[PDB]
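> So I've got this experimental structure, pasted below with the sequence.
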Amino acid sequence: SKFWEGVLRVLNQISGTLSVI
Amino acid sequence: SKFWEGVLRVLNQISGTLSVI
Amino acid sequence: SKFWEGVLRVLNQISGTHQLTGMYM
Amino acid sequence: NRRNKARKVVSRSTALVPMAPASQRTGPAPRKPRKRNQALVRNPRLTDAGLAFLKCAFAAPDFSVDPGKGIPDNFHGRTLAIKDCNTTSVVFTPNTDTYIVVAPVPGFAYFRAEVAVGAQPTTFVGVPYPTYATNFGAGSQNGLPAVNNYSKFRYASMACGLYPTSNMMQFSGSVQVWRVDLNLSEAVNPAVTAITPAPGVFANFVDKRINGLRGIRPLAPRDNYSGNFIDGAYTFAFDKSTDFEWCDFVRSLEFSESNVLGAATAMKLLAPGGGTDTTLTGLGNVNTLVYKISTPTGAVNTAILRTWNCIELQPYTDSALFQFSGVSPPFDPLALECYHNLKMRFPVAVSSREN
Amino acid sequence: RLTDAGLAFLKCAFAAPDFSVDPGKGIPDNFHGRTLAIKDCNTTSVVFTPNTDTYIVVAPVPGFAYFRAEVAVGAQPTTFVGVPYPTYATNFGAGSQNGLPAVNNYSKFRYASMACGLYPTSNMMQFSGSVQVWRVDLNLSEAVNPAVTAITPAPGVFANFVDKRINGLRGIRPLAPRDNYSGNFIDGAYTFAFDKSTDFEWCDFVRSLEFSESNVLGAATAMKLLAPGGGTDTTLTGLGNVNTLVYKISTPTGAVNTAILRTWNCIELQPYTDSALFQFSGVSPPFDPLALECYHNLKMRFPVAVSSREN
Amino acid sequence: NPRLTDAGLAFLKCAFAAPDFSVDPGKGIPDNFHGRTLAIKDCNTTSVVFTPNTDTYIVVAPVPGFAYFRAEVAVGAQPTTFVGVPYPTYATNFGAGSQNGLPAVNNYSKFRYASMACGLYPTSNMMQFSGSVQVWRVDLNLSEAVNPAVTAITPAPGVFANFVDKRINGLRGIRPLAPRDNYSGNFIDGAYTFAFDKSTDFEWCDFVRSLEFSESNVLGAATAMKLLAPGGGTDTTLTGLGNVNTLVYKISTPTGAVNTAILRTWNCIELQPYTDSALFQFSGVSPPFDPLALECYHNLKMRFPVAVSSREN
RNA sequence: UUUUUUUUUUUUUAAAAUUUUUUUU
Ligand SMILES: [Ca+2]
């Protein structure tokens, strides 16, 4: 289905957030 | 010859996972 | 804020980035 | 020169000892070491909540409003954070050694014990926060799953301050502070399974106890603070688990060295009023603060006692308190590291009346 | 930038239904040890009783698919009876000893993932009602109480022992909490549970017939999770590190509500050296702190649940 | 980016190469605990003899105060009761008398294993040894079972409530037919190996004082497999179970053979001390945080043979 | 005649992440 896509999407959005550069 | 020598061998192939700036 | 001032003080004696290794996981 | 070959392990005398079979394994072996190119870089930045976490932990009384928000680790979940302080006026009985024990038992401000100067305290009775009922329930069921409003807890901070209120001539005596690592423990003992046939059938069940209390005595341990009563004393407690470990509730009337109720010789933390309204809820991850006040005969020793604590709790989704729950602080590894580093760099306690 | 296992770990955790073959490999933390990742996953059909509020509770109790309770619309559920995974017997033993150290094939466990999907199967004209989902933080707890040490001299000698209880059940009621998903029954619902310890903490087994508010077996008004058939063949094994999923289905009178119920979950277990299952054990995945940090970040960024037409 | 700290290096040496230095380098776990600890660094070195015509199991489990648990059985038979052999320091650490192990006499309130290893050193000659040493690790973990107990003896047959009893999972894996992973060498070759963290991250453990850690909650159950405190727990009782896995050594001796050896059991334990013990004078702050050492440790543990000849230490 | 470690080749066979076409209800 499309849940993984959603995860991937959110994953990009939180990209700059992480404690790792 | 001692176990340590062996541990050292492998201990050097290990690189780590993090780095700061 | 005398106690916090003290915390700040110590906080600097360990600010190196012994010292703090940013690599906490 | 071969790949998946079994590993042999050297025979002593290759001529005097028959050969043993080479070693094999189940499942694939660990992957070849990771290359040093997989460089994950980190930015050392202290987050806002991480900073507040630090203030709440060490400088509890230094701000306009309690800054605490919780522990900034990877929990990142739905919590209810209790940021409170029990401020009350007390009097120390002349010619006695009074012990004010601040232990991480949710719902309780501290545990008290009075004894002859020089004597050994045994039972410390709890003094609850007025919020106890609101948090853990009321009635005979107080503290149990049916009336408790939380299902898990962990202490983000805890501190105590003794503020003398006597004049410079009427008082006399000392204040001493030190920390003990109080931890719950268990003992396996037999209990009756069936009353037939006499003397009955048994099985071994577990009973709860508490280790560390013996350290609360008139003789202060190496790491302590000793001073003139009139100078008061203040200090914080700190994490003794390794990572601010989450704790489960263990509702009991007492946490003692013995599994026998009211055992006179057994040292113990005891819920007041026979646990009719307030029972012991459990024991947290931080160490325990011990305050010993020695009041000689004729001395008038009074003071205000402040007990602070910040607790992260996993809430029941139905309490009236749930409306205040939210997501806990975002991960701040720097702050966490700072905390564990800093916790060891201050005097066991400091005078409160000098600040 | 994520390791192979790290990515698979995320897939298994959040999008279990999206894949044909499960990608899960376990938690990519510093465990790096001998584990056996049990992947329990089955599919059944449920029929909802007209004029009732039905509760499907998916709690991290190894060996159990979910717990069910049915009550009058608007009423308060009390006892949720477990439906075990057909695999239980092989994992935790059978017979009267089921679940105990003698027959259990593991000594420790931790949940790497757990999710559930409710796929309505009624026609669009006859069903009626709603689906509501939310999570509760179920945690085991203890109460210290007296028990008889000696039957002599009457009324006997006592000592305080610990009994087991469970906190959080009271949150399972007809009135859905702030954080929830509420929708038309026919639209179904899907969601995942997530780590509520701070580091995917390892759990010890605690074999019991029930996990209730009271230590008195069968207490009618005590809310509880209960093993079916008096635990003759399957008993509660313990409670994991993830939160619990609550699915509430309200079926009015005359409504014809049915659904396919699918549940998944990946559990890392420390295996007994001697079982047939040990053969399929191996080394925990390599350390991937990024994947871990990502998981803990991500777990907060999705709706409490979503319709099944988009799992 | 960085390299090992001194303590981090010692930590690694203590963990894997226990017998290799002039003085035990161990100092504890270099993580973020950074607190007050009393660190036991000890090794129980004793002479032993394996009874001819028997399978002898030497189980090295993380139970504070005990060097190991022994069981003697007919060759091929199933061992069930492993009796503990305590370190002479037991009383000193956990108390003496009938109260041994309990809060009143115990000198610690929490513990965690930083390391544990075992080495079997044959002492037989080339004409008298005969048999084997099979070694493998098992994940022993305490567990619980909720069962009913009498609350009131009136009205008969009494009133009940369900209480928890303690058990232990993993023992069943200790049997004559070892797993394919096992190291099987000749007795005369001895054997050495280390145990390692099986907890999340070197988790701290609470004490659980008991006479036995068995599959059953019934004392002395003949068919139950169990770890048993010696002498009915009169002087030494089980203190609890640590965070590292358990080492299993099965020594097979036929009639007519003389298999003797010196047995070494090592262990490094970090403990939260009672502030009043006479041992407190040795407590101090645990090692400073060394994330690199930790990562290395967890990486390496899974990378060495289950066991090696003892003459390879 | 042995024990570890270290690489390159390919055929491989996989699992994963990305770009393009050509069929099929
Ligand atoms: Ca932990």
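Received, thanks. Numbering: from 1, shown residues only, chains lettered A, B, ... in the order given.
> Spell out which residues of chain A are next to chain B.
Within chain A, the positions lying close to chain B (CB under 8 Å from any CB of the partner chain) are A:20, A:21. Using the backbone N, CA and C atoms, a C-beta is placed for each residue, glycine as well.
> Report whether stretch D:74-90 contacts chain C.
No - applying CB under 8 Å from any CB, one finds stretch D:74-90 out of contact with chain C, separated by at least 9.3 Å.
> and if you look at stretch D:57-69?
Yes - interface with chain C: stretch D:57-69 contributes D:58, D:59, D:61, D:62, D:63 (CB under 8 Å from any CB).
> Give me the three-state assignment for the residue nearest to the last one when sequence neighbours are not counted.
Leaving out its chain neighbours, the residue that sits closest to residue D:63 by CB to CB, 6 or more residues apart in numbering or on different chains is residue D:55, at 6.5 Å. Three-state assignment for residue D:55 (DSSP: H, G, I helix; E, B strand; the rest coil): helix.
> what comes up buried for the helix or strand harbouring residue D:226?
Using DSSP states H and E, residue D:226 maps to strand D:224-228. Of the residues in strand D:224-228, those with enough neighbours to count as buried (16 or more other CB atoms under 10 Å in any protein chain shown) are D:224, D:225, D:227.
> Tell me how far it lies from the chain's centre.
Going by CA atoms, centre = their mean, to the nearest Å, the spacing between the C-alpha centre of strand D:224-228 and its chain's C-alpha centre is 22 Å.
> Could you do stretch D:29-40 as well?
Distance of stretch D:29-40 from its chain centroid, counting by CA atoms, centre = their mean, is 39 Å.
> Span of it from start to end?
25 Å (CA to CA, to the nearest Å).
> what's the answer for stretch D:121-130, then?
From the first residue to the last, stretch D:121-130 extends over 26 Å; the measure is CA to CA.
> Contacts made by that stretch with the rest, please.
The set of residues external to stretch D:121-130 that reach it, using CB atoms under 8 Å, 6 or more residues apart in numbering or on different chains, is D:84, D:86, D:88, D:97, D:99, D:101, D:105, D:107-115, D:216-217, D:264-272, D:278, D:280.
> would you list every one of the helices in chain D?
Ranges of helices within chain D are D:48-58, D:132-136, D:333-342, based on DSSP state H.
> Close to chain C: what parts of the stretch 251-355 of chain D are there?
Of all the residues in the stretch 251-355 of chain D, those in contact range of chain C (CB under 8 Å from any CB) are D:333, D:334, D:336, D:337, D:338, D:341, D:342, D:345, D:346, D:350, D:355.
> Now a ChimeraX select for only the buried ones of those.
This is how ChimeraX selects the buried members of these, with burial counted by 16+ other CB under 10 Å:
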select /D:333,334,336,337,338,341,342,346,350
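> which residue sits closest to residue D:353, ignoring its sequence neighbours?
The spatially closest residue to residue D:353, leaving aside those adjacent along the chain, is residue D:232, at 4.4 Å (CB to CB, 6+ apart).
> okay, now that neighbour: neighbour count?
Using other CB atoms under 10 Å in any protein chain shown, residue D:232 has 23 other residues around it.
> Isn't it up against residue D:350?
No - applying CB atoms under 8 Å, one finds residue D:232 not in contact with residue D:350, separated by 9.2 Å.
> ok, now how distant is the nearest residue to residue D:145 once chain neighbours are set aside from the ion?
Once flanking residues are discounted, residue D:145 sits nearest to residue E:213: 4.2 Å by CB to CB, 6+ apart. Residue E:213 sits 27 Å away from the ion when distances are taken as CB to the ion, to the nearest Å.
> picking up where we left off before, okay if I get the residues of the stretch 251-355 of chain D next to chain C as JSON lines plus distance to residue B:14?
What follows is these, written out as JSON lines (distance: CB to CB, whole Å):
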{"residue": "D:333", "distance to residue B:14": "21"}
{"residue": "D:334", "distance to residue B:14": "25"}
{"residue": "D:336", "distance to residue B:14": "24"}
{"residue": "D:337", "distance to residue B:14": "22"}
{"residue": "D:338", "distance to residue B:14": "27"}
{"residue": "D:341", "distance to residue B:14": "25"}
{"residue": "D:342", "distance to residue B:14": "30"}
{"residue": "D:345", "distance to residue B:14": "32"}
{"residue": "D:346", "distance to residue B:14": "36"}
{"residue": "D:350", "distance to residue B:14": "44"}
{"residue": "D:355", "distance to residue B:14": "49"}
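> which one among the residues of the stretch 251-355 of chain D next to chain C gets closest to RNA strand G?
Distance to RNA strand G across those (CB to the nearest atom of the strand) is lowest for residue D:333, with 26.9 Å.
> From residue D:188, how far off is the closest one?
Taken as CB to CB, to the nearest Å, the spacing of residue D:333 relative to residue D:188 amounts to 40 Å.
> cool, residue D:8 as well?
On the measure of CB to CB, residue D:8 and residue D:188 end up 45 Å apart.
> Those two - which one has more neighbours?
Between residue D:8 and residue D:188, counting by other CB under 10 Å, residue D:188 is the more crowded of the two (24 against 12).
> what's near enough to touch the more buried one?
When the contact criterion is CB under 8 Å, 6+ apart, the partners of residue D:188 are D:204, D:205, D:206, D:207, F:165, F:166, F:208, F:209, F:210, F:211, F:212.
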